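This document contains two forms of one protein chain, each encoded as structure tokens and listed individually as structure 1 and structure 2.
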Structure 1
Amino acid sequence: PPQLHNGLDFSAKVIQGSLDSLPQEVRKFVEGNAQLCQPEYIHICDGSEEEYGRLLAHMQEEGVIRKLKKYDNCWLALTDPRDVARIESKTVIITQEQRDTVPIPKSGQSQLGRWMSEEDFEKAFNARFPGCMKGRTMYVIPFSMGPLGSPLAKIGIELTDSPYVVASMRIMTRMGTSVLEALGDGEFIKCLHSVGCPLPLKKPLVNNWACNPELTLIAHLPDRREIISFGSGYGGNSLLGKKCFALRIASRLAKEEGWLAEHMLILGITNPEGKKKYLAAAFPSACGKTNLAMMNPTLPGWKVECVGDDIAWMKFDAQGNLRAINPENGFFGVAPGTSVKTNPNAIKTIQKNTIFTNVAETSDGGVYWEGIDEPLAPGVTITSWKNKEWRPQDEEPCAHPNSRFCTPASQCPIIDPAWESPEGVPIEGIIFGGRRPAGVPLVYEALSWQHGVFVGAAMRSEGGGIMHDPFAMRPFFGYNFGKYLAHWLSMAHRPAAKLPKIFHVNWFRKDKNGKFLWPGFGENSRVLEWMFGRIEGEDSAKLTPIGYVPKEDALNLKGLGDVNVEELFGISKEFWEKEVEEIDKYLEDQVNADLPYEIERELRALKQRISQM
């Protein structure tokens, strides 16, 4: 016998599946962490519908989720108000050298990542994980990021003590036995998560939502291929496939292996002639990726189909096409502001088999939030996400501003037919953008690849003041941002690369009274039409210091005669002088010695073009 007692064999505690079925290295990961965390039960997830039903029943019976009786198999979770978002301040990457993770900021305060030494992390880990799952179930989630068996896909194993995480990972990833079978004895990303509330509880449970805010820590150890997250049950902190794996770990793998992992939606757009192109777009959180990805275009004869709304993995193929896959299996979308007006296709997707977090509940068992733009019958009342009765005049919102739906992608009425194609879809344009209330026009086109990478690098967006969010990746870089820029720039030297056209948009320009100048949403189809024609080489552009913009009369504005074209499309020398001044200060402070020469040159070129105004 291979042990003197019972070794580290946790077979007696298995209530779903079999440890003997697991690949050897998967079993080692499970049993080592069972020894450390001391769960009462081990559940090896199979991904089946039967399992899912029982899981939802268990949570319902425990009071963790409530059934939304108005819809088909939809559910509501309300969280502790201390645990409502992905939390940057508690998110770290561990490497031997700090500079490999983040450039060293001249000011002593980096905006581009948060490094922790190996030594500090081991102390943090030992103060958190030993015994952390006592009295709970450790679920073993075998999951694939990307279509099962795609050459671009990567497998992880997430251990969690949260059945909410299991349910949500079933929606947001491909998970279950088929993944273990595809994995065999291959490599996998090791993902460990605990809510950090072992039984018996040391502190009061709030809203039946286990979390440990004081000890919350979301850590990434790329040199060990591990993600280790403690204390939050929410979104990007707990669903470890999404941001932690498919952006932070994957972006570093991508840099080493020649591909890209990005905070980008992917859509397919077809014109009235039946010609189709795929585009990717990087906008920061809260800047409308999900609305664009699922757009219902207002222009007649156009169609938009959704490949993904949040994450893109992209790699040049043998023919030079930049191919993109969506590594996710669902949409984890912001609920407030979602309406028939702003996202009709989301409304259709989320009425069955969807989990809602921190939205309001109507007395007939439906969902509600700010911006839903659907009146309720007189007499129908609303319970806020704080589990209190609520009325529209109340000071606070009925839904948390970061409340979410979690919905299967296959349910989207406009899901693209190649959304699971293993080879990915060929990207012909990349769009950058965010919230700029002044100075930045509706749409411009970069002059070259290098200018385009600079445009991504210089991105800024209003969220508690205008802040830099390069490539929409500020919270997500897996490694030094200067080296990420060098990696993007290097794509130009790939022989026979078919480099996408790069554009920058601004849906959010305001006039002097604070009013949006552009109606947006489905009307953004008019901007996509312009991009499409530009990729086709149409002579529809005017050169400006910032890049190309639409010629007068180039955009279809039929139906929008009240648009202030002068102000929306205006470029001010003084605004742009200040903009280059600010970008210079930011790059010098935050990137400094790690800034590639080509980014410095593009900054100088932009400065020089502005000088000629």
Structure 2
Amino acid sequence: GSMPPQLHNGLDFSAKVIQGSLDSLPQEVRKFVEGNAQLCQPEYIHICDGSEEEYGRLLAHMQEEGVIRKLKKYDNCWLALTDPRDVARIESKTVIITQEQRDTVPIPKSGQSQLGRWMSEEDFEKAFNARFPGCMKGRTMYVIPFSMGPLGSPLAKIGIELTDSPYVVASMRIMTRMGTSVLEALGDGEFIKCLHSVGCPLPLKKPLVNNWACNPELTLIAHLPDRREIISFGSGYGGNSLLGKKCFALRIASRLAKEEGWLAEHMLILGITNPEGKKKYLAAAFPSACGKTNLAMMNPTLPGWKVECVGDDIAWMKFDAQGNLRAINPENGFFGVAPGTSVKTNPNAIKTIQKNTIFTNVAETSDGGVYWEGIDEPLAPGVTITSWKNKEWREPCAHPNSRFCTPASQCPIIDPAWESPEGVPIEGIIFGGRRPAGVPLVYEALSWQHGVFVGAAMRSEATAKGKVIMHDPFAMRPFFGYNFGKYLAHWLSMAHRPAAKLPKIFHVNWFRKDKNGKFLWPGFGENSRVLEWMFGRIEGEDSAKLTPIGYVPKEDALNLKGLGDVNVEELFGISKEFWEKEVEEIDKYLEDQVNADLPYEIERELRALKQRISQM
């Protein structure tokens, strides 16, 4: 873009650019970069090109400043350890700004909304002014041009993230498509404006802990959908700082999707091929605490079946002119929870993460390897462990929210269409939650409307003493870009869309325990048997029986060959007393939390379920 006019010498930042050119940027890109540079006062501006050279040098530099360590056991893998105050998304400091609160969250009947956090426009200007002026003093402002989705896909959308964190740059290179080709594709078009800062201008006013710059007290993750802006301050943690992911691809994206006729959801996408050489794509939404990544990369136990991964976290879906629900994975990598990852739980992840992968808050072995709880692999004596707190270890060795951040292209079961610009046709949508009692292994919704209800009704046992069953509709509770009632209405409207081929909707539960606490289902790759049943159902097979909660596998329909005796009686048991309570808790929840914005059809599904249960 062109040089700003000025009476002095404070507005044109061209002389501080150390890679790239303000002149070569599209006009609105320069205005976004230069205006924030005027505000944040970085020492330098680096316009990222996405090259391997850039990446390699940025890593080595972080290595030089003690901010990351090379993991010598592996091929180009790296470890970051954070300030223990900056380890996770902070929901209570995550907000969406709109003129009217009701556009962002429903106004609850009696309680506080659990479905979002609204902040007023005026409150946010004050909060911004108290954080961003001068915040990058002494630092480089990196400019990251990025695409969500395959470059050029009709479903893809472009952002520009400004950040003062090299860690965010490196991770965005993995988790998005980043660099010069994006700028060239963008041209004079529109882009989501993403501004991030760790909130630690130099000279530092407060102690730097573990060489991890952050500002926990002023952490604030804000979304301004009307301005097409995401503005995030004080956290380097991925869900807070990698703005393409939750901020853009769920919060901003879900609101855009509502307005444009598509869906942005917290779903994995997998492709499954059966022994008859037929392949289907499925999407699944489980709470953050559950195992999307494991299901998306499942190694099936059933012979002749194959599972391939399109994505493990976020799906962008649009019914096309032909009525097919086409989906893309808008991301470029996997930002997976490391603990619990083993050759038994996810052998394909184990394979993926030994090259070109950045790990955060895991333990390090003395031979330059990684360790965490649940890795389920012994260490040779001699090999010692440094914890994620940078101390010798024999409390966990890795933070429970520690991560790997790995390229999608490296997954040995990555689907051949995982980057196809047209997306993949979704034929089933799976909801699920961790339920120790009452809820069967699998059931199928009676209708589209019943299925949307099933999404809305999702509950799951929270990670621990005492247990709590929390609501998490569509697995979107932390992620709604707008009023949940209106999101319900948007999903319900798909039934009325000309030509739409509405996928079958299922609900799963791998967690049911019997009368004495015994797991009723062995899980892992045996979950391929559930996927088999769903596959058949989608093909029209007569393999279901009706129950009050929906369809379940009829007698002998579920493939149990090789498993022995399975207590299907208890696993598929439906208790009237459990379901009476369940429907009441769902009622109370929807009435309070959705209130005047609850669609008629969802109230009707509630009444119908109540009625079916009453007739048991």
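Each residue is numbered by where it sits in the sequence of structure 1, with counting from 1. Here, rigid core means the biggest group of C-alpha atoms that superpose within 1.5 Å across both forms.
- Superposing the rigid core between the two structures leaves a single residue from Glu226, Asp511, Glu181, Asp364 with a C-alpha shift of at least 2 Å: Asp511.
- Superposed on the core, the two forms barely differ at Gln608: its CA moves less than 2 Å between the two structures.
- Taking the core as reference, the Cα of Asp553 moves 1.4 angstrom between the two structures.
- Core superposition places the C-alpha of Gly520 0.9 Å apart between the two structures.
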